[PDB]
Structures are given as C-alpha cells and as structure tokens.
Amino acid sequence: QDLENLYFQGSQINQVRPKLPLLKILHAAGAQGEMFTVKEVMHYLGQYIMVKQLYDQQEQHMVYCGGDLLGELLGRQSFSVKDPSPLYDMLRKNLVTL
Ligand SMILES: COc1ccc(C2=N[C@@H](c3ccc(Cl)cc3)[C@@H](c3ccc(Cl)cc3)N2C(=O)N2CCNC(=O)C2)c(OC(C)C)c1
C-alpha cells in the first residue's frame, strides 16, 4: 500500500476554506472557525436555510433565497433541493481546497 498511502497523504479528510461571503453564512448557522469538511458545509447550509426560514413550509424542498446573501451567492431567487445544480456550482466556486 506504499504508493496508495503516499498518494492519499494529506488528502484523507479534504478540508476546505469557504470564501468570505459563504463563511459568513456558515457562521450565521452556528459554525465556528474557517476550516470545514464539505459534509460540515452542507450541514451548516441546511441549518442556515432552516434558521432563516427560507424554505416553503408547504413545499419544503423549495428554497426562496432571493431575499438573502445566499441568493446572491447562488445567483438565484429560488431553487429546489430536487435539482441542486446551482448549489454544486456555487460550492465549486466558493470552497478552496486546503
Ligand atoms: C422535502 O424537503 C426537504 C428534503 C431535503 C432537504 C435537504 N436535502 C439536503 C441536501 C440537498 C442538496 C444537496 Cl446538494 C445536499 C444536501 C439538505 C440541504 C443541504 C444544503 C442545502 Cl443548501 C439545502 C438542503 N436538506 C436539509 O437541510 N434538510 C433535510 C431534511 N430535513 C431537514 O431538517 C433539513 C430539505 O432541505 C431544506 C430545504 C428544508 C428539504
């Protein structure tokens, strides 16, 4: 496992540093510091949407973010968790590999 170990050294957790606008969002959802796993980022974004009440209480897969910093980042007024392409795009641009 010599070469496989070498390759995966320093890359087993894959922490990211959010860009400053996204960092502010994660902090608003109760995150601390500025290094996270991608899983943590998703947890805090979900929490953010809940605490800012950006989801539709009837159609809870729908997020209305156009009011919000999150909408600015995504470049959208709304999105559905069923079609999460804008979120993928945003996180590719707003997470820096450590
Ligand atoms: C049918 O109602 C649902 C179904 C799934 C989700 C959802 N689905 C999860 C999810 C969605 C897309 C991706 Cl790419 C990753 C994770 C995660 C999530 C994480 C980040 C963001 Cl920005 C939005 C949602 N995520 C949630 O954050 N949920 C999970 C369900 N219950 C919760 O308490 C919150 C959902 O999220 C809010 C819009 C309410 C609502």
Side-chain angles (χ1 to χ4, degrees), residues 1-11 13-98:
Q1 203 140 77
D2 206 1
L3 299 177
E4 301 96 312
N5 285 355
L6 261 66
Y7 177 84
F8 284 114
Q9 285 183 12
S11 264
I13 310 190
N14 293 319
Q15 277 149 305
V16 293
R17 106 169 309 328
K19 297 190 175 174
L20 182 54
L22 178 54
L23 183 65
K24 285 179 187 190
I25 289 168
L26 305 184
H27 288 174
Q32 284 176 300
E34 59 189 58
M35 171 174 60
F36 305 93
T37 67
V38 173
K39 179 168 169 51
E40 283 169 327
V41 172
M42 305 313 300
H43 164 74
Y44 284 120
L45 279 169
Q47 179 72 15
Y48 182 79
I49 288 166
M50 297 310 88
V51 311
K52 293 289 179 197
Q53 298 248 82
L54 299 184
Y55 64 94
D56 180 356
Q57 182 58 107
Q58 322 313 297
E59 298 306 308
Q60 291 182 305
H61 66 282
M62 289 300 314
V63 177
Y64 289 103
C65 46
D68 191 94
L69 184 56
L70 176 59
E72 269 196 274
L73 270 179
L74 291 173
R76 292 206 88 214
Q77 285 186 305
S78 66
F79 70 95
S80 171
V81 298
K82 298 190 193 205
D83 185 347
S85 290
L87 183 54
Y88 277 84
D89 296 345
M90 184 272 288
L91 294 169
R92 287 176 192 123
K93 295 181 174 59
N94 282 274
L95 295 180
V96 183
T97 175
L98 228 87

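Just so it is clear, the values below take in all heavy atoms, side chains as well, and ignore hydrogens, waters and symmetry mates. Numbering starts at 1 and runs along the sequence shown.
- Looking only at side-chain heavy atoms (C-beta outward), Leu73 and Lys19 stay at 4.5 Å or farther from each other.
- In plain terms, the two heavy atoms of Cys65 and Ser78 that are nearest each other are SG-N, 3.9 Å.
- Considering every non-hydrogen atom in both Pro18 and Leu23, the closest pair reads CB-N, 3.9 Å.
- For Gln77, the CD atom sits in a loose shell: 12 or fewer heavy atoms of surrounding residues, nucleotides or ligands are nearer than 6.0 Å.
- Considering CG of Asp56 and NE2 of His61, their distance stands at 8.0 Å, rounded to 0.5 Å.
- Hydrophobic clustering of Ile, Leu, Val, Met, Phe, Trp and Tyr side chains at less than 4.5 Å, counting indirect connections, keeps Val81 apart from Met62.
- To the nearest 0.5 angstrom, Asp68 atom CG is 5.0 Å from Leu54 atom CG.
- What you find for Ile49 and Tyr55 is that their closest heavy atoms are O-CD2, 3.8 Å.
- By the 4.5 Å heavy-atom criterion applied to side chains, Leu91 and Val16 are not counted as neighbours.
- Contact of the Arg76 side chain with the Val63 side chain is not registered, since no non-hydrogen atoms from C-beta on lie closer than 4.5 Å.
- Annotation for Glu4: atom CD counts as buried by contact number, over 12 foreign heavy atoms lying within 6.0 Å.
- The heavy-atom pair separating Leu74 from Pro86 by the smallest distance is CD2-O, 3.7 Å.
- The side-chain contact (heavy atoms from CB on, under 4.5 Å) test with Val38 singles out one residue from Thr97, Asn14, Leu95, and that residue is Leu95.
- One hydrophobic cluster holds both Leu70 and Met42 under the rule that ILVMFWY side chains link at heavy-atom gaps under 4.5 Å.
- Between atom OG1 of residue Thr37 and atom CG of residue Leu98 there is a gap of 11.5 Å, rounded to the nearest 0.5 Å.
- The two residues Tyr44 and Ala29 come nearest to each other via the heavy atoms O-CB, 3.2 Å.
- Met35 and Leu45 are assigned to two separate hydrophobic clusters, defined by single-linkage of ILVMFWY side chains at heavy-atom distances under 4.5 Å.
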Original post:
Passes side-chain contact (heavy atoms from CB on, under 4.5 Å), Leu22 versus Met90? Steps please.
Top reply: CA-CA 9 Å; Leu22 178 54; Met90 184 272 288; 4.2 Å; yes
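- Under a hydrophobic-cluster definition in which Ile, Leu, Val, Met, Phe, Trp and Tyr are linked whenever side-chain heavy atoms come within less than 4.5 Å, directly or via other members, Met50 and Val41 are assigned to the same cluster.
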